[PDB]
>>> print(open('coords_16.txt').read())   # compact mmCIF, C-alpha atoms
# COMPACT_ATOMS: atom_id res chain seq x y z
CA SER A 1 72.00 93.57 159.21
CA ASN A 2 70.48 96.97 158.36
CA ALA A 3 68.98 97.98 161.79
CA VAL A 4 66.26 100.66 162.04
CA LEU A 5 67.09 103.91 163.87
CA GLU A 6 65.07 107.08 164.53
CA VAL A 7 66.47 110.61 164.94
CA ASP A 8 64.91 113.36 167.08
CA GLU A 9 66.28 116.17 164.86
CA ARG A 10 64.30 118.37 162.45
CA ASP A 11 65.48 120.17 159.31
CA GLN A 12 64.30 123.54 157.94
CA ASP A 13 63.96 124.44 154.25
CA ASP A 14 63.70 127.84 152.51
CA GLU A 15 61.28 126.57 149.81
CA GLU A 16 58.85 124.92 152.28
CA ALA A 17 58.90 127.85 154.77
CA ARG A 18 58.41 130.50 152.03
CA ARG A 19 55.46 128.59 150.47
CA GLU A 20 53.74 128.19 153.89
CA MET A 21 53.91 131.94 154.70
CA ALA A 22 52.74 132.82 151.15
CA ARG A 23 49.66 130.54 151.48
CA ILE A 24 48.43 132.04 154.80
CA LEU A 25 48.99 135.66 153.61
CA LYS A 26 47.26 135.09 150.23
CA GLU A 27 44.24 133.39 151.87
CA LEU A 28 43.70 136.16 154.49
CA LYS A 29 44.16 138.97 151.91
CA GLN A 30 41.76 137.49 149.30
CA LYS A 31 39.13 136.42 151.88
CA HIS A 32 39.43 139.33 154.35
CA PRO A 33 39.47 142.63 152.27
CA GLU A 34 38.48 144.66 155.38
CA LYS A 35 41.71 143.74 157.24
CA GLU A 36 44.70 146.12 157.25
CA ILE A 37 48.39 145.25 156.59
CA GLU A 38 49.21 145.54 160.35
CA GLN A 39 46.69 142.80 161.31
CA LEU A 40 48.04 140.47 158.57
CA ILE A 41 51.70 140.64 159.75
CA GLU A 42 50.69 140.28 163.45
CA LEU A 43 48.50 137.16 162.93
CA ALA A 44 50.94 135.55 160.43
CA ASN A 45 54.00 135.86 162.73
CA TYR A 46 51.97 134.86 165.83
CA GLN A 47 50.69 131.65 164.13
CA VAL A 48 54.13 130.43 162.91
CA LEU A 49 55.74 131.34 166.28
CA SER A 50 53.07 129.54 168.38
CA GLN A 51 53.20 126.40 166.17
CA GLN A 52 57.02 126.06 166.13
CA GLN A 53 57.92 127.92 169.41
CA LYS A 54 61.50 128.95 170.28
CA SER A 55 63.15 128.81 173.72
CA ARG A 56 66.91 128.47 173.05
CA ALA A 57 69.04 129.50 170.06
>>> encode(input="coords_16.txt", output="structure tokens")
Amino acid sequence: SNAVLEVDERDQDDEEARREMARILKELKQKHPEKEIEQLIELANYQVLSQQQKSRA
């Protein structure tokens, strides 16, 4: 028998996380030329923090 099992654990990668942050920053900088560097770092960190969310380390 093989038996099917499911895990409730998630893994994080440096290549997938770096490509995701580079896609949101390149799309807001090329589309929104009237936005400053302060508004780009505040909306980028607030979007990845609200989607993943951290309570305990």
>>> axis_aligned_box(input="coords_16.txt", around="range 3-16 of chain A", padding_each_side="5 Å", output="AutoDock Vina command-line options")
--center_x 63.9 --center_y 112.9 --center_z 158.4 --size_x 20.1 --size_y 39.9 --size_z 27.3
>>> closest_residue(input="coords_16.txt", among="A:43, A:37, A:51, A:1", to="residue 24 in chain A", atoms="all atoms listed in the file")
A:43
>>> atom_distance(input="coords_16.txt", atom1="CA of residue 29 in chain A", atom2="CA of residue 47 in chain A")
15.7 Å
>>> closest_residue(input="coords_16.txt", among="A:53, A:17, A:3, A:25", to="residue 39 in chain A", atoms="only C-alpha atoms")
A:25
>>> residues_around(input="coords_16.txt", residues="residue 20 in chain A", least_positions_apart="4", cutoff="12 Å", atoms="all atoms listed in the file", output="PyMOL selection string")
chain A and resi 13-16+24-27+44-45+47-48
>>> atom_distance(input="coords_16.txt", atom1="CA of residue 49 in chain A", atom2="CA of residue 28 in chain A")
17.5 Å
>>> atom_distance(input="coords_16.txt", atom1="CA of residue 40 in chain A", atom2="CA of residue 23 in chain A")
12.3 Å
>>> build_atoms(input="coords_16.txt", residues="range 22-49 of chain A", atoms="N, CA and C atoms", output="mmCIF file, in the coordinates of the input")
data_model
loop_
_atom_site.group_PDB
_atom_site.id
_atom_site.type_symbol
_atom_site.label_atom_id
_atom_site.label_comp_id
_atom_site.auth_asym_id
_atom_site.auth_seq_id
_atom_site.Cartn_x
_atom_site.Cartn_y
_atom_site.Cartn_z
ATOM 1 N N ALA A 22 53.382 132.224 152.328
ATOM 2 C CA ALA A 22 52.740 132.820 151.150
ATOM 3 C C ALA A 22 51.299 132.318 150.974
ATOM 4 N N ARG A 23 50.999 131.145 151.555
ATOM 5 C CA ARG A 23 49.660 130.540 151.480
ATOM 6 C C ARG A 23 48.706 131.139 152.517
ATOM 7 N N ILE A 24 49.238 131.459 153.709
ATOM 8 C CA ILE A 24 48.430 132.040 154.800
ATOM 9 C C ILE A 24 48.166 133.538 154.563
ATOM 10 N N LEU A 25 49.117 134.225 153.907
ATOM 11 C CA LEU A 25 48.990 135.660 153.610
ATOM 12 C C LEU A 25 48.079 135.914 152.402
ATOM 13 N N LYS A 26 48.087 134.980 151.439
ATOM 14 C CA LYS A 26 47.260 135.090 150.230
ATOM 15 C C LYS A 26 45.802 134.694 150.483
ATOM 16 N N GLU A 27 45.583 133.854 151.508
ATOM 17 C CA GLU A 27 44.240 133.390 151.870
ATOM 18 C C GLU A 27 43.508 134.406 152.764
ATOM 19 N N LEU A 28 44.272 135.145 153.583
ATOM 20 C CA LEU A 28 43.700 136.160 154.490
ATOM 21 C C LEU A 28 43.505 137.506 153.781
ATOM 22 N N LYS A 29 44.248 137.726 152.685
ATOM 23 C CA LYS A 29 44.160 138.970 151.910
ATOM 24 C C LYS A 29 43.038 138.905 150.863
ATOM 25 N N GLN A 30 42.804 137.703 150.317
ATOM 26 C CA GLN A 30 41.760 137.490 149.300
ATOM 27 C C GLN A 30 40.386 137.239 149.932
ATOM 28 N N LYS A 31 40.377 136.709 151.163
ATOM 29 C CA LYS A 31 39.130 136.420 151.880
ATOM 30 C C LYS A 31 38.712 137.578 152.787
ATOM 31 N N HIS A 32 39.696 138.208 153.444
ATOM 32 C CA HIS A 32 39.430 139.330 154.350
ATOM 33 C C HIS A 32 39.934 140.661 153.739
ATOM 34 N N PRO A 33 39.099 141.347 152.896
ATOM 35 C CA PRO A 33 39.470 142.630 152.270
ATOM 36 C C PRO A 33 39.321 143.835 153.217
ATOM 37 N N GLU A 34 38.702 143.605 154.384
ATOM 38 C CA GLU A 34 38.480 144.660 155.380
ATOM 39 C C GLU A 34 39.613 144.727 156.415
ATOM 40 N N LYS A 35 40.569 143.791 156.319
ATOM 41 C CA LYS A 35 41.710 143.740 157.240
ATOM 42 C C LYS A 35 42.890 144.538 156.700
ATOM 43 N N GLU A 36 43.537 145.292 157.599
ATOM 44 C CA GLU A 36 44.700 146.120 157.250
ATOM 45 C C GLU A 36 45.989 145.291 157.186
ATOM 46 N N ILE A 37 47.084 145.922 156.725
ATOM 47 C CA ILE A 37 48.390 145.250 156.590
ATOM 48 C C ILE A 37 49.044 144.947 157.957
ATOM 49 N N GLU A 38 48.668 145.719 158.989
ATOM 50 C CA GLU A 38 49.210 145.540 160.350
ATOM 51 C C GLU A 38 48.648 144.285 161.028
ATOM 52 N N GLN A 39 47.375 143.975 160.740
ATOM 53 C CA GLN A 39 46.690 142.800 161.310
ATOM 54 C C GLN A 39 47.114 141.500 160.609
ATOM 55 N N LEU A 40 47.606 141.623 159.366
ATOM 56 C CA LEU A 40 48.040 140.470 158.570
ATOM 57 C C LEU A 40 49.455 140.000 158.958
ATOM 58 N N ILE A 41 50.322 140.951 159.346
ATOM 59 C CA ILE A 41 51.700 140.640 159.750
ATOM 60 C C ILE A 41 51.757 140.195 161.227
ATOM 61 N N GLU A 42 50.762 140.623 162.020
ATOM 62 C CA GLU A 42 50.690 140.280 163.450
ATOM 63 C C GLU A 42 50.124 138.865 163.664
ATOM 64 N N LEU A 43 49.137 138.484 162.840
ATOM 65 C CA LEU A 43 48.500 137.160 162.930
ATOM 66 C C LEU A 43 49.322 136.077 162.221
ATOM 67 N N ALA A 44 50.101 136.482 161.204
ATOM 68 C CA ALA A 44 50.940 135.550 160.430
ATOM 69 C C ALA A 44 52.192 135.136 161.213
ATOM 70 N N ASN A 45 52.796 136.102 161.924
ATOM 71 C CA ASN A 45 54.000 135.860 162.730
ATOM 72 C C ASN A 45 53.666 135.197 164.071
ATOM 73 N N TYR A 46 52.436 135.429 164.556
ATOM 74 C CA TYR A 46 51.970 134.860 165.830
ATOM 75 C C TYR A 46 51.522 133.397 165.665
ATOM 76 N N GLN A 47 51.140 133.020 164.433
ATOM 77 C CA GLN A 47 50.690 131.650 164.130
ATOM 78 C C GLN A 47 51.876 130.709 163.881
ATOM 79 N N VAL A 48 52.924 131.223 163.216
ATOM 80 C CA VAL A 48 54.130 130.430 162.910
ATOM 81 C C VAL A 48 55.058 130.337 164.138
ATOM 82 N N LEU A 49 54.930 131.304 165.060
ATOM 83 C CA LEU A 49 55.740 131.340 166.280
ATOM 84 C C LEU A 49 55.137 130.455 167.381
#
